[PDB]
Each structure stands twice: as structure tokens, then as C-alpha cells.
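Worksheet for the structure shown next.
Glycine also receives a Cβ, built like all others from the backbone with ideal geometry; neighbour counts cover every protein chain displayed. Derivation of every value follows stated rules applied to the coordinates shown; laboratory data play no part.
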Amino acid sequence: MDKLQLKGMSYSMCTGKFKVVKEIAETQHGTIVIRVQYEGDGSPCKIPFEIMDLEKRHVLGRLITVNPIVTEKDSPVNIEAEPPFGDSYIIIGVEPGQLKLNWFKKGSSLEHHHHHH
């Protein structure tokens, strides 16, 4: 009704918030998958995402599952996106409670290190 830019595979726009259901996964093809449950109110709507540059804190990421969609406002939706390189914080949802996940990074993965005794 008031939209005119994403013609194709579109529905609405889950503007509420998002709960990560699973850490970003890798599609084994350069992309990654983020499973999260749409939080807020939206029903069959699209999922907010942000990974490009400027106010993205990144350089140039892509979305293979561009603005995915939830069907019941609680269906854990996985988002396939192509991270550029270095610290890649994928953003889901909208500022107002939107989510964030760092992936790719430089070369190391999962900084598993901690002192204790």
C-alpha cells in the first residue's frame, strides 16, 4: 500500500525486535545464516537486516535471504547473508531493540581464551 521499492518476494516488515535463536551459521558458500525469532508485532512480515557500511560498522556485506519473513511473529527465521571480511556485525531487526552478531572477523574464529588458575 505505501511501499514501492522491493518488487518481488515481499510481504510486510517485522519492525518489532528479534531474538537470536541460533548464532550465525555458514552456508559453506561465503554466506552465513542467522536464526532468530521475530520479536514484537508483525505476523507474516519481512525481517530487518543491515550489513553494508557507513553506519553499519562494516565495509560491504550482502543478503542472500534479503529481508527474510516470519509467518507467525515467532517462527525462528534464519537469514543468509554474504559477509565482506574482518569483524562483521550482522544487524537484525530495527535500531529499537534490533539484534547484532559479529562473524568472519580477520582470520581467527571464536576467540576461545580465558584465564582462571
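See the values below:
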| item | result |
| --- | --- |
| Local electrostatic count at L110 - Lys and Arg +1, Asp and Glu -1, tallied over other residues with Cβ under 15 Å | -1 |
| Local electrostatic count, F85, Cβ distance below 15 Å [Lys/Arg +1, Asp/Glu -1] | +1 |
| Net length gained if the chain between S12 and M52 were fully extended (0.36 nm per residue, minus Cα distance) | 12.2 nm |
| Alpha-carbon Rg/Rh ratio, for the chain, with Rh computed the Kirkwood way | 1.02 |
| ³J(HN,Hα), Karplus 6.51/-1.76/1.60, whole Hz, each residue of segment 95-107, x for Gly, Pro | 2, x, x, 3, 9, 7, 9, 8, 8, 6, 6, 6, x |
